[PDB]
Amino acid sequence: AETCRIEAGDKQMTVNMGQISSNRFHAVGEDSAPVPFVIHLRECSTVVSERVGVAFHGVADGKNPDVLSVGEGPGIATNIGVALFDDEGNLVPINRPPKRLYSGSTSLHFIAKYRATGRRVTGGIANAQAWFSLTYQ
């Protein structure tokens, strides 16, 4: 049996996070507006897609290793990271040692938000990268 063919809402697996407004953030931990995305598992039987193990990875933020770093360099925003949330509204763990099983649906729903890692956010460029693994039974 072939594995599922994997796609996001966007052809290139990208999510537009929108621009950073420093005024949105007045405390560490406060979030921006939700930006949903979805992981689709296509062209595969239910036997293959059931109880697939999903795990997220990426370069973790220094102040809050539970969120994605936006890096550092000129023009790049500071005191924000990108938090990922599951379909229960809960923060998705990243970069955990070598679990979480998904079943009942071939679309996996998530939300990304900017999360303040400092009381004083500065605007600018805020890109992030993550990867997820799909581990087949």
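Numbering starts at 1 and runs along the sequence shown.
Gap between residue 98 and residue 99: 1 to 3 deposited residues without coordinates.
The question of which stretch, 47-55 or 62-70, has the higher mean Cα B factor is settled in favour of 62-70.
For the pair 71-79 and 107-115, the mean Cα B-factor is higher in 71-79.
Ranking 127, 19, 14, 22 by the C-alpha B-factor listed in the PDB entry places 22 at the top.
Annotation for residue 39: CA B-factor lies in the lowest third of the chain's modelled residues. Looking at the C-alpha B-factors along this chain, the one for residue 28 belongs to the highest third.
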